[PDB]
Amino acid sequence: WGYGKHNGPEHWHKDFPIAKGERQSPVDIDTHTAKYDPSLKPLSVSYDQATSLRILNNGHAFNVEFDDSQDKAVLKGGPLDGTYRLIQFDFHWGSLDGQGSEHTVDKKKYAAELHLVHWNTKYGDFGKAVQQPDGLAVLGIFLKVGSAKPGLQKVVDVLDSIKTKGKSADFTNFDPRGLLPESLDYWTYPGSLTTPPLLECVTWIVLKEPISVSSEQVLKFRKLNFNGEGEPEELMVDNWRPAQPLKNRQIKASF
């Protein structure tokens, strides 16, 4: 599976039938339709004690992994019950600035989309959590092109080291707090992973307020390769999945 003409999103349902399931992601967030729910609590992001280990090019994107053996980087509050631990953060981007985000707002597509993945500690490991309906929590942050994101630069400079599929690099002392917007106002709804196996185990929390990145930051993302080293070069662009039918589900807003 991939993002090309022959193995793209429109073909995933042949290997992964859940692809056409009842609670697929991403979705188009309709702001006039999203319901303001007063019973939603503020988000609780505790990331001061986070411990990054590495960055890798898994052939469909780049992931920064964290030590999730203890409650070091955690998410709680919001629509969530219990503590969810930070395991990884990844991005989805386009060939152009006009596309890249997975989630959309009023049909508006952003330059890229950052996902912070967390798993419910009640289930013991990441692999058990993806077998559950309340198994994961993904924080979605929209990136727009304007000014540079200081906090983003350490990631930017290491992409050269992981250009191709299978590459990884030591990535310690990275502080995720540098990627967060000023506001934690959000939208929430029940969905799934945006890549195979599209397990319908996620509680989405999409931040209203996007982060701005400079043109040159996003440019380095586009220099990544889908392919493995020693193979024809396929730029890693448009690694995003198109909006899926809402189908009954309701999107709640914390504002």
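In this text, residue numbers run from 1 along the sequence as written.
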Stretch with the higher entry mean CA B-factor, where the candidates are 5-13 and 234-242: 5-13
Residue stretch of maximal mean CA temperature factor, 38-46 vs 206-214: 38-46
Residue selected from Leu139, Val105, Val156, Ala112 by maximal Cα B factor: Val156
Top residue by Cα temperature factor, when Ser101, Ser161, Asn120, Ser95 are compared in the entry: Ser161
Record-listed C-alpha B factor of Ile55: chain third: middle
Chain-relative CA temperature factor third for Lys128: middle
Ranked C-alpha temperature factor of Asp68 among modelled chain residues, by third: highest
Within-chain third of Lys165 by Cα B-factor, per the entry: highest
Chain third (lowest, middle, highest) by recorded CA B-factor, residue given as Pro79: highest
